[PDB]
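Enquirer: Chains as they are written, first to last, in the entry's author numbering: chain B, 4 to 68; chain A, 4 to 68; chain A', 4 to 68; chain B', 4 to 68. A prime marks a further copy of an entry chain.
Note that CB positions come from ideal geometry on N, CA and C, so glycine has one too.
Protein chains: 4
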Amino acid sequence: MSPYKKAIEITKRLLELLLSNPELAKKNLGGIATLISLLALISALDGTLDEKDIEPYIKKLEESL
Amino acid sequence: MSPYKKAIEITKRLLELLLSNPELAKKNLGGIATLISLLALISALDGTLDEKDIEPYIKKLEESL
Amino acid sequence: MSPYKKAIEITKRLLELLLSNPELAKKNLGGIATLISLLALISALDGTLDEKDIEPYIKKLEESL
Amino acid sequence: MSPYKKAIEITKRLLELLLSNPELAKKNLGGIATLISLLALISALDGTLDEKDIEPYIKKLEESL
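1. Relative to the alpha-carbon of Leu38(B), which residue among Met4(B), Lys9(B), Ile61(B) has its alpha-carbon at the smallest distance?
2. Straight-line CA distance for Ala43(A) to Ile35(B)?
3. Using the Cβ count rule (16 or more neighbours within 10 Å means buried), how would you classify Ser5(A')?
4. Quick check on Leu68(A): buried or exposed, where buried means 16 or more other Cβ atoms within 10 Å of its Cβ?
5. Kindly list the residues whose CB is nearer than 7 Å to the CB of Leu17(A), restricted to its own chain and excluding five residues on each side of it in sequence; keep chain order.
6. Any beta-carbon of chain A closer than 7 Å to the one on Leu64(B')?
7. Take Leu64(B') as the anchor and find which of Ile45(B'), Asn31(B'), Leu48(B') has the nearest alpha-carbon.
8. Could you tell me whether the Cβ of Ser40(A') comes closer than 7 Å to any Cβ of chain B?
9. Comparing alpha-carbon positions, which option in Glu54(A'), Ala28(A'), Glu66(A'), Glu58(A') lies nearest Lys8(B)?
10. Is the Cβ of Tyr60(A) closer than 7 Å to any Cβ of chain B?
11. First and last residue of the alpha helix (DSSP H) that includes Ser40(B')?
12. Pick out whichever of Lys29(A'), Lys15(A'), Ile11(A'), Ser46(A') has its Cα sitting closest to the Cα of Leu21(B).
13. Taking only beta-carbon positions, decide if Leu17(B) is within less than 7 Å of chain A'.
14. What distance in whole Å lies between the Cβ atoms of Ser46(B') and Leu41(A'), which are believed to be in contact at a cut-off of 8 Å?
15. Between the C-alpha atoms of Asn24(B') and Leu52(B'), what's the straight-line distance to the nearest angstrom?
16. Determine the closest residue to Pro59(B') out of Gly50(B'), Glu19(B'), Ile13(B'), with distance taken between C-alpha atoms.
17. If you reduce the DSSP assignment to three classes, tell me which class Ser23(B') lands in.
18. With a cut-off of 8 Å on the beta carbons, I'd call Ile57(B') and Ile13(A') a contact; round off their distance for me.
19. Can you look up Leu52(A) in the DSSP assignment and give me helix, strand or coil?
20. Output, in chain order, the set of chain B residues within a Cβ distance shorter than 8 Å of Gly50(B').
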């Protein structure tokens with residue numbers, strides 16, 4: 004478990020928490036977006052960035068607009 | 004191709020989402036700001052930071068106050 | 004001494020500020036989450052990420068919903 | 004102007020914008036805190052983290068609670 008891999012898992016857990024309730028998601032759009040950016044940054048630091056792993060979250064965010 | 008370049012494109016996509024609607028942008032100013040900071044950080048990690056690539060977003064933020 | 008260690012201490016201070024008041028924490032869930040992600044990122048940059056150092060904050064976040 | 008130094012200046016500009024109006028600051032506490040964390044992280048990446056440069060912002064945030 005590389006440190007970056009642990010940080011990815013944590014950030015994905017945080018995204019699921021904030022998106023779990025759409026009413027809570029719509030009041031925290033900026034934070035969800037910032038988490039998605041952080042997930043990409045950490046992934047690129049780990050050298051395992053795959054766009055397919057990020058797009059589901061972007062599409063969920065878009066639906067919550 | 005670079006993983007940082009993919010993360011830059013994702014972060015700009017997220018900024019466009021949050022700025023698309025002036026009313027949603029005024030409700031998420033801190034999130035837009037944190038995304039502009041991240042865009043700058045990721046750009047510096049990628050070696051390529053041109054201020055001219057950030058400033059448009061900063062002026063858009065200033066517009067929403 | 005390490006600059007990353009100072010940034011870890013600052014980020015934990017900010018998390019304690021935002022969590023001190025349950026009412027302010029429920030209004031800033033996305034910010035608490037993004038700080039927990041950053042704490043993990045910075046820890047991974049410093050080489051030292053122990054999940055046990057992050058989990059208390061995650062459970063506190065889950066408490067505020 | 005090293006890329007990290009440009010990112011520091013941008014992040015400090017963003018902090019001043021969000022803190023410029025206390026009424027706007029109190030609605031964006033989480034984003035201000037996340038910006039302060041990012042300022043520390045970027046500073047440590049540049050190898051120029053001085054706690055004295057960060058504390059003024061933390062004290063302003065505390066006053067806005």
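Expert: The answer reads as follows:
1. Numbered from its first residue, the first sequence carries residue 38(B) at position 35. That would be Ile61(B), whose Cα lies nearest to the Cα of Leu38(B).
2. For this step, residue 43(A) is matched to residue 40 along the second sequence. For this step, residue 35(B) is matched to residue 32 along the first sequence. C-alpha separation (whole angstroms): 19 Å.
3. Translated into the one-based positions of the third sequence, residue 5(A') becomes position 2. Label assigned to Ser5(A'): exposed.
4. Residue numbering aside, residue 68(A) sits at position 65 when the second sequence is read from its first letter. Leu68(A) should be labelled exposed.
5. Within the second sequence, the letter at position 14 stands for residue 17(A). Taken in chain order, the residues that qualify are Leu38.
6. Along the fourth sequence, read from residue 1 onward, the residue named residue 64(B') stands at position 61. Not one chain A Cβ lies under 7 Å of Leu64(B').
7. For the purposes of this step, residue 64(B') is taken as residue 61 along the fourth sequence, with counting starting at 1. Of the listed residues, the one whose Cα sits closest to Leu64(B') is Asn31(B').
8. Looking up residue 40(A') in the third sequence gives position 37. Taking Cβ atoms only, chain B reaches closer than 7 Å to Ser40(A'), which makes this a yes.
9. Here residue 8(B) corresponds to residue number 5 of the first sequence, with the count starting at 1. The residue with the shortest Cα to Cα distance from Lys8(B) is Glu54(A').
10. Against the second sequence, residue 60(A) aligns to sequence position 57. No, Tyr60(A) does not count as interfacial toward chain B.
11. For the purposes of this step, residue 40(B') is taken as residue 37 along the fourth sequence, with counting starting at 1. Counting along the chain, the alpha helix (DSSP H) containing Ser40(B') begins and ends at 32-49.
12. As a first step, residue 21(B) must be located in the first sequence, where it is residue number 18. Cα-wise, what sits closest to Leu21(B) is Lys29(A').
13. Working through the first sequence from its first residue, we reach residue 17(B) at position 14. True, the Cβ-Cβ gap to chain A' drops below 7 Å.
14. In the third sequence, the residue the question calls residue 41(A') occupies position 38. In the fourth sequence, the residue the question calls residue 46(B') occupies position 43. Not confirmed; about 13 Å, so no contact.
15. Here residue 24(B') refers to the residue found at position 21 of the fourth sequence. Here residue 52(B') refers to the residue found at position 49 of the fourth sequence. Approximately 27 Å, taken between the alpha carbons.
16. For the purposes of this step, residue 59(B') is taken as residue 56 along the fourth sequence, with counting starting at 1. Nearest C-alpha to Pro59(B'): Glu19(B').
17. Numbered from 1 along the fourth sequence, position 20 holds the residue referred to as residue 23(B'). In the structure shown, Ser23(B') sits in coil (DSSP, three-state: anything other than H, G, I, E or B).
18. Residue mapping note: residue 57(B') aligns to position 54 of the fourth sequence, counting from 1. Residue mapping note: residue 13(A') aligns to position 10 of the third sequence, counting from 1. Contact holds; Cβ gap of about 6 Å.
19. Taking the second sequence and counting its residues from 1, the one referred to as residue 52(A) is at position 49. Coil.
20. As a first step, residue 50(B') is located in the fourth sequence; it is residue number 47 there, counting from the start. Result: empty, since nearest Cβ-Cβ is about 17 Å, beyond 8 Å.
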